[PDB]
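Which chain is which? The protein sequence lines are B and A, in order. Start counting the first sequence at 11; every next residue gets the next number (the deposited numbering). Start counting the second sequence at 11; every next residue gets the next number (the deposited numbering).
Number of protein chains: 2
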Amino acid sequence: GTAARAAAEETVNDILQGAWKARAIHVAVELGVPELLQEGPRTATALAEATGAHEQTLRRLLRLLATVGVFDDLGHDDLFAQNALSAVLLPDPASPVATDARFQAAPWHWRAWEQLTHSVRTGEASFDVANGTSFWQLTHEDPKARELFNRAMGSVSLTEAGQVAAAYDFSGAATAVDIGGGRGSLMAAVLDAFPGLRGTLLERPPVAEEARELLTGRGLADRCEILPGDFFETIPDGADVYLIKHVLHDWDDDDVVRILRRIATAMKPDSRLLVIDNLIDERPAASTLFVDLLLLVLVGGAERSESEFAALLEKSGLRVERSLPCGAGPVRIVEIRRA
Amino acid sequence: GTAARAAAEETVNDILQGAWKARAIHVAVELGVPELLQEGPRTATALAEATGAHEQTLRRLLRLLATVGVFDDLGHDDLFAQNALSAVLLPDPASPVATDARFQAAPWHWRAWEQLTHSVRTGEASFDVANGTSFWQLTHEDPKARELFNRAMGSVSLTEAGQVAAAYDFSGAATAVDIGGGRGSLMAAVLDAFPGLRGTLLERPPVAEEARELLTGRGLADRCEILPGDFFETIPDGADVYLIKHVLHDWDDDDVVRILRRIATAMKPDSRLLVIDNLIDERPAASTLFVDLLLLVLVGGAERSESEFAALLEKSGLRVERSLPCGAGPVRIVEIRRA
Ligand SMILES: Nc1ncnc2c1ncn2[C@@H]1O[C@H](CSCC[C@H](N)C(=O)O)[C@@H](O)[C@H]1O
Ligand SMILES: Nc1ncnc2c1ncn2[C@@H]1O[C@H](CSCC[C@H](N)C(=O)O)[C@@H](O)[C@H]1O
Ligand SMILES: COC1=C(C)C(=O)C2=C(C1=O)[C@@H](COC(N)=O)[C@@]1(OC)[C@H]3N[C@H]3CN21
Ligand SMILES: COC1=C(C)C(=O)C2=C(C1=O)[C@@H](COC(N)=O)[C@@]1(OC)[C@H]3N[C@H]3CN21
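The structure is reproduced here in structure tokens:
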């Protein structure tokens, strides 16, 4: 079995080139190739002209992609066509993969990964040293970066909103506050399914406006307050239910604790906090561990297990009431009460 | 087809996460984790201690890596062990994957990929716009980068050198010249297999000295002259056989014709020229196209088909006598004569 090593090497080589395979997709969606292929096959020449790409070089890109299953290389007349895998890339506010692909295409996203070694050495986000500014700082100043992230978070949220509204009985609640609720699709799904609920959305000012736009167009503009705020400082008191989705994993233990104590002090004895986020269990999917690493690279965050998160709550005067699933992924809804 | 669309989204999301898998490996070889595991399992704690890493973060990397098949997570006592995939990553100047993994670890390598879009719009190197300098200039000034690259090329060449010396009959030549012959392993293999042959190695000056160190160390100084120079200005004339291996694919059409015409004028009507390079045929393998894309990004190069080489040789006053298999990959030996 001398050539057992030959396969070892081949496997590791294919992993390395995987980096390039991903940048090629990033470039394909940055140029907007997949939407040009919706009305039938097109030549790489037409594709280059329409995207502002160098004709021969785009042809190399597509030939390559087709070889690894993205797009179909028709094999004549310079024609390429949509296929199962490239169709996944059609831009759509509601597509996780398509919006994330576009978000990853951004240079500063890739540059963060350039400095992965810094994260591994310090436990800190590499985004800061690679790009000369925090991820939150950048999404505050740069409307394009802000849009790429919001769209990528927005699509995941959309498919999660309806499922959370169905896993938890909000009847009995007069008021729900959504802490850092992005574009408000979770709030919007819950209000719709509970006509008597009043809601409040908390977000950074520019995102708050995005949420106002989404809620308004959902005919819920009168049922939900928008508060351009900050959840290290401001949170509404006396609400019946608080929600926080894909926020806490963005932060280190101390910061998760600072946020939790802020929520605790605003809760009524009978109030409930729903922490909605990815949990690390005993059998974490590879896919789940990668996101945990993304979180370290972009914001220095981390995915947490059942007990890691329990340890943090007990630091913040809170207790786990219930823990229920939310869509055969790693996403769980953790129902929490004041201690 | 709900279930069909889910599976497509997942397949594509894997491709995206693949960039992160590659960088995780780059970090592991940069820190030196495989070397620390040759004498049995170690804890993430000790591995961190030895490498200067942040313990909890190194643990996450290792766990992620082990989930994708690189290293074993022993599952007890915070222990990780070498395995078949991670052994491949052990620093060995004769290992293509090991040296290439280390080459790719460099931030300037990763950043060239950051700007793939530029290359795809222009057909030119993205390396220059990403790094503020050209690849050849970087490897010229900066010894670390020179060494990373020369090692990655060096290991590939060792393999190939042998395959070439045994693929071609040099028994009728008195003098051989290797143009841009790197560290000199090809010349070394050919001189070894042909005791009567004498040789000349032409390379950029700093690289030439490395060739001198290799060739002398292997007892061939007496039969190979080292010529520091530039193949755009100088090709020594009158030799029996010229060799140019993995050089032409680095250069655009104009520049390849410059090189070829100068080689043409140095040849006696009896001389042969061996162009040794990756040839694109009908239906190339993904791996061959990835390297094509690397050439694009790093130096604005491209792999070519034989017919495409033929046209260039045509504009240069040369012609193809025959092409022979070699090493059993895309590499091929194309024997040329003056026309
Ligand atoms: N100090 C702060 N105050 C308020 N919101 C913040 C904040 N820091 C980060 N955020 C918000 O936290 C959100 C994390 S993304 C999660 C968005 C939404 N909850 C969803 O599940 O889709 C971002 O939209 C960001 O705008
Ligand atoms: N202008 C120039 N003059 C001479 N050599 C050059 C050059 N530009 C690049 N090179 C050399 O071209 C080589 C291509 S790498 C291939 C090295 C060797 N032929 C092998 O197959 O292993 C590099 O070593 C680089 O130093
Ligand atoms: C708010 O913190 C998060 C940040 C900063 C991300 O970049 C990010 C996520 C986060 O939660 C994931 C959402 O998706 C889940 N958590 O399922 C996501 O990774 C899958 C998907 N939006 C893409 C990007 N990426
Ligand atoms: C000379 O031009 C080349 C440059 C500049 C490279 O970075 C590079 C190669 C080249 O040919 C390949 C060589 O080896 C082949 N051609 O198989 C290589 O990738 C396969 C393997 N040395 C690693 C790096 N990488």
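Each residue gets a CB set at the ideal place from its N, CA and C atoms; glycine is no exception.
query, result
"Does the beta carbon of residue 147/B come closer than 7 Å to any beta carbon on chain A?", "no"
"Could you tell me whether any Cβ in chain A is nearer than 7 Å to the Cβ of residue 101/B?", "no"
"Using a threshold of 6 Å, is the CB atom of residue 213/A nearer than that to any non-hydrogen atom of ligand 2?", "yes"
"Would the beta-carbon of residue 241/B be found less than 6 Å away from any heavy atom of ligand 1?", "yes"
"Are there 16 or more other CB atoms within 10 angstroms of the CB of residue 215/B, so buried, or fewer, so exposed?", "exposed"
"In the DSSP assignment, find the beta strand (DSSP E) that holds residue 255/A and state where it starts and stops.", "251-255"
"Less than 6 Å between the CB of residue 163/B and some heavy atom of ligand 5, yes or no?", "The model on display carries ligand 1, ligand 2, ligand 3 and ligand 4 but not ligand 5."
"Between residue 267/A and ligand 4, is there a pair consisting of the residue's CB and a ligand heavy atom that are separated by less than 6 Å?", "no"
"I want to see whether chain B comes within less than 7 Å of residue 298/A, judged by CB atoms only; does it?", "no"
"By Cβ distance below 7 Å, which residues in the same chain neighbour residue 60/B in space, the five residues on each side in sequence not counted?", "46"
"What residue range does the beta strand (DSSP E) around residue 98/B cover?", "Premise fails: residue 98/B is in no beta strand (DSSP E) and is neither H nor E."
"Using only CA atoms, which one of 160/B, 87/B, 140/B, 125/B lies nearest to residue 112/B?", "160/B"
"State yes or no: is the C-beta of residue 230/B within less than 7 Å of the C-beta of residue 258/B?", "no"
"List the residues of chain B that residue 154/A touches, going by C-beta distances under 9 Å, in chain order.", "Chain B residues near residue 154/A: none, gap ~15 Å exceeds 9 Å."
"Counting C-beta neighbours from all protein chains within 10 Å, is the total for residue 154/A 16 or more, i.e. buried, or is it exposed?", "exposed"
"Would you mind sorting residue 315/B into buried or exposed? The rule is 16 or more other CB atoms within 10 Å of its CB.", "exposed"
"Can you determine whether any heavy atom of ligand 3 sits closer than 6 Å to the C-beta of residue 350/B, and answer yes or no?", "Residue 350/B lies beyond the range of chain B shown here (11 to 349); nothing can be said about it."
"Out of 189/B, 236/B, 279/B, state which residue places its alpha-carbon closest to the alpha-carbon of residue 351/B.", "Here chain B has residues from 11 to 349 only, and residue 351/B is not among them."
"I want to verify the contact list: residues of chain B whose CB lies under 7 Å from the CB of residue 248/A, in sequence order.", "Ordered by position in chain B, no residue passes the 7 Å Cβ test against residue 248/A, which lies about 38 Å from the chain."
"Pop quiz: residue 342/B and residue 329/B are said to be a contact at Cβ under 8 Å. What is the actual Cβ separation, rounded to whole angstroms?", "Not quite, the Cβ-Cβ distance comes to about 16 Å (not below 8 Å), so this is no contact."
"Bridge partners of residue 291/A, per DSSP?", "DSSP lists no partner for residue 291/A."
"Let me see if you follow: with CB-CB separation under 7 Å, is residue 169/B close to chain A or not?", "no"
"Could you check which residue in 115/B, 267/B, 105/B has the C-alpha nearest to that of residue 170/B?", "105/B"
"Residue 213/B by DSSP, collapsed to three states: which one?", "strand"
"With a threshold of 8 Å on Cβ separation, who are the neighbours of residue 35/A within its own chain once the five nearest residues in sequence on each side are excluded?", "75, 80, 99, 111"
"Sort out for me which residues DSSP pairs residue 189/B with in a bridge.", "212/B"
"List the residues of chain B whose Cβ lies closer than 8 Å to the Cβ of residue 123/A, in chain order.", "29, 30, 33, 120"
"Just reading off the beta strand (DSSP E) that residue 328/A is part of, what are its end residues?", "328-335"
"In chain B, what lies closer than 7 Å to residue 141/A by C-beta?", "Within chain B, no residue comes near residue 141/A; the closest Cβ sits about 11 Å away, beyond 7 Å."
"Do the CB positions of residue 118/A and residue 141/A come within less than 7 Å of each other?", "yes"
"If we call anything under 7 Å between Cβ atoms a contact, is residue 29/B one with residue 29/A?", "yes"
"I need the DSSP call for residue 195/B, collapsed to helix, strand or coil.", "helix"
"Just the C-alpha distance for residue 89/A and residue 82/A, rounded to the nearest angstrom, thanks.", "9 Å"
"Comparing the C-beta of residue 54/A with each C-beta of chain B, is any distance below 7 Å?", "no"
"Closer than 6 Å to a non-hydrogen atom of ligand 2 - does that hold for the CB of residue 256/A?", "yes"
"Which runs of the beta strand (DSSP E) at least 3 residues long sit entirely within the region 88-167 of chain A? Give them in chain order.", "89-91"
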